[PDB]
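Asker:
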Ligand code: HEM
Ligand SMILES: Fc1ccc(-c2nn(-c3ccccc3)cc2Cn2ccnc2)cc1
């Protein structure tokens, strides 16, 4: 037989039995990626945390020419170090302030947007597609608001994403076409005097402030493209798969409908059990480092399997169960850990909380309109998502 291939399954509605078998028998295991490279797949909570908390397992070095690769780059190689570049430019605090859910009126905007989307689905009549006509447009609208860019520019930026977040063995020509176009758009935004709010309004001011005169225009535009894309793909995909998990648990759906104060705890468990990330998080070793029974060598690729950690019964007893009273509820790895912990975590939580609260109020009888096996799972992509999510209510 051949070396075990990753990823195991593109389905986001169930974890393969194989994950628990691997975690028990070989929590760091050699695998082959879609490029043909070998990698170490890490699947226990303890070892996933170790890798994420040791910067000698480097994100930036995954972009090096000649490295073993999980998948092809979809951005210029310097952009792999995007957060590091933002920090080196003195922009980290400002970027992170702009993308919290705390700006006045933001939560109300999200509730209003969710309720409008849902009212339109009710008017049109069942079946409704909760991914294309709810979760993704909600994500897109939220990120236009957060960035300060016109709502009407959202759809075109959004349509880059089905290519931009591919997990491909080979370079993708369309990813460069869309990247270059979206960078030109964000560069125009920075020159547009009407853009005075959100992340892009703040970057536009900092760009003209003397304390940032040597930061490149390229970096300013890149922040807009990267934060829009990462935020929209992550929140739309997470909310979509969380809605499936909720729909397939009518008792929990009814509990959260009846006691919406429990929605934050419910969303935190839906984060823990989420299968949205299609691949392990990649890192390149910059030293020889012992990880469990394996001495990982300098230059080797390590893949941190989030569902490995998050379904580890040694950390989360009865891991497949949504339990709203766990003693360690935010200790999951859904947002990563360590140097590269997601800067959008609070915004992603709020997007999903508000989306679920609105859906349960408007569509308390929401259910799948097709058998669950009829959902079409996107392949060779950095997220697991169903192409359509047909529901009735
Ligand atoms: C529920 C929604 C979200 C989830 C589950 C999620 C998850 C993650 C995870 C697991 C990582 C770690 C990557 C790694 O270590 O290799 C990450 C990184 C990142 N996320 Fe999120 N994310 C979400 C929403 C957002 C939003 C809304 C934004 C921006 C508006 C965002 C921006 C980023 C960025 C920029 C990084 C890279 C940070 C770095 O390299 O230090 N994320 N995210
Ligand atoms: F810190 C970040 C660094 C890079 C990106 C990124 N953005 N885009 C993109 C966003 C919109 C349209 C086109 C492309 C592609 C990537 C590459 N990527 C994917 C997962 N990790 C890195 C986002 C955050």
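In UniProt numbering, the protein residues as written are 4 to 396.
Backbone N, C-alpha and C define an ideal beta-carbon position, used for all residues, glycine too.
Using only the alpha-carbon positions, how far apart do residue 174 and residue 260 sit?
Answerer: Cα-Cα distance, rounded: 45 Å.
Asker: Report the rounded CA-to-CA distance for residue 233 versus residue 168, giving the unit in angstroms.
Answerer: Those two C-alpha atoms are separated by around 9 Å.
Asker: Can you grab the Cα-Cα spacing for the pair residue 70 / residue 281, in whole Å?
Answerer: Between residue 70 and residue 281, the C-alpha separation is close to 21 Å.
Asker: Pull up the CB-CB distance for residue 224 and residue 193, whole angstroms please, since I reckon it's below 8 Å.
Answerer: So it is a contact: roughly 7 Å between Cβ atoms.
Asker: If you reduce the DSSP assignment to three classes, tell me which class residue 287 lands in.
Answerer: Three-state result, residue 287: strand.
Asker: Would residue 313 be called buried (16 or more neighbouring beta carbons within 10 Å of its own) or exposed?
Answerer: Flag for residue 313 reads buried.
Asker: Return helix, strand or coil for residue 251, following the three-state DSSP convention.
Answerer: The answer is coil: DSSP assigns residue 251 none of H, G, I, E or B.
Asker: From residue 146 to residue 29, what does the alpha carbon distance come to, in whole angstroms?
Answerer: Cα to Cα, residue 146 sits roughly 40 Å from residue 29.
Asker: Does the distance from the C-beta atom of residue 150 to that of residue 201 stay below 8 Å?
Answerer: For residue 150 and residue 201, yes; Cβs fall inside 8 Å.
Asker: By Cβ distance, which residues of its chain are closer than 8 Å to residue 292, with the 5 residues on each side in sequence left out?
Answerer: So the list reads 57, 59, 60, 298 and 299, once near-sequence residues are dropped.
Asker: Using only the heavy atoms of ligand 2, determine whether one of them is closer than 7 Å to the beta carbon of residue 232.
Answerer: Within the cutoff, so yes.
Asker: Could you tell me which uninterrupted alpha helix (DSSP H) segments, each at least 4 residues in length, are contained entirely in the stretch 19-106, listed from first to last along the chain?
Answerer: Counting only runs of 4 or more, we get 20-28, 48-55, 85-91 and 95-101.
Asker: Quick one: is residue 290 buried, meaning 16 or more other Cβ sit within 10 Å of its Cβ, or exposed?
Answerer: Classification for residue 290: exposed.
Asker: Residue 380 and residue 14: beta carbons closer than 8 Å?
Answerer: The answer is yes: Cβ separation under 8 Å.
Asker: Put residue 366 into one of helix, strand or coil per three-state DSSP.
Answerer: Note: residue 366 maps to coil in three-state DSSP.
Asker: Can we say the stretch 151-160 touches the stretch 210-223, given the rule of at least three CB pairs closer than 8 Å?
Answerer: Flag = no, the stretch 151-160 and the stretch 210-223 do not touch.
Asker: At the level of alpha carbons, what is the spacing between residue 317 and residue 348?
Answerer: Computed Cα separation, rounded: 25 Å.
Asker: If we ignore side chains and look at the alpha-carbon of each, how far apart do residue 25 and residue 33 end up?
Answerer: About 11 Å.
Asker: Does DSSP put residue 258 in a helix, a strand or coil?
Answerer: Residue 258 falls in the helix class under three-state DSSP.
Asker: Hey, residue 161 and residue 82: beta-carbon distance below 8 Å or not?
Answerer: No, the pair does not count as a contact, with Cβ atoms beyond the cut-off.
Asker: Would the stretch 270-285 count as touching the stretch 327-341 if we require 3 or more Cβ pairs under 8 Å?
Answerer: Output reads yes: the stretch 327-341 touches the stretch 270-285.
Asker: Pick from 21, 117 and 378: whose alpha carbon is nearest that of residue 355?
Answerer: Among 21, 117 and 378, the Cα nearest to that of residue 355 is on 117.
Asker: For residue 163, is the beta carbon positioned less than 7 Å from some heavy atom of ligand 1?
Answerer: No, ligand 1 has no heavy atom inside 7 Å of this Cβ.
Asker: Name the residue from 23, 62 and 97 whose alpha carbon lies nearest to the alpha carbon of residue 80.
Answerer: Considering only alpha carbons, the answer is 62.
Asker: Where does residue 173 sit, in a helix, a strand or coil, going by DSSP?
Answerer: DSSP places residue 173 in coil when its eight states are reduced to three.
Asker: Rounded to the nearest angstrom, what separates residue 345 and residue 53 at their Cα positions?
Answerer: Rounded to the nearest angstrom, the two C-alpha atoms are 17 Å apart.
Asker: Does any residue of chain C bring its CB to less than 8 Å from the CB of residue 18?
Answerer: Of the protein chains in this structure there is only one, and it is not chain C.
Asker: Taking DSSP as the reference, what is the three-state secondary structure of residue 423?
Answerer: This structure gives no information on residue 423, because the portion of the chain shown stretches from 4 to 396.
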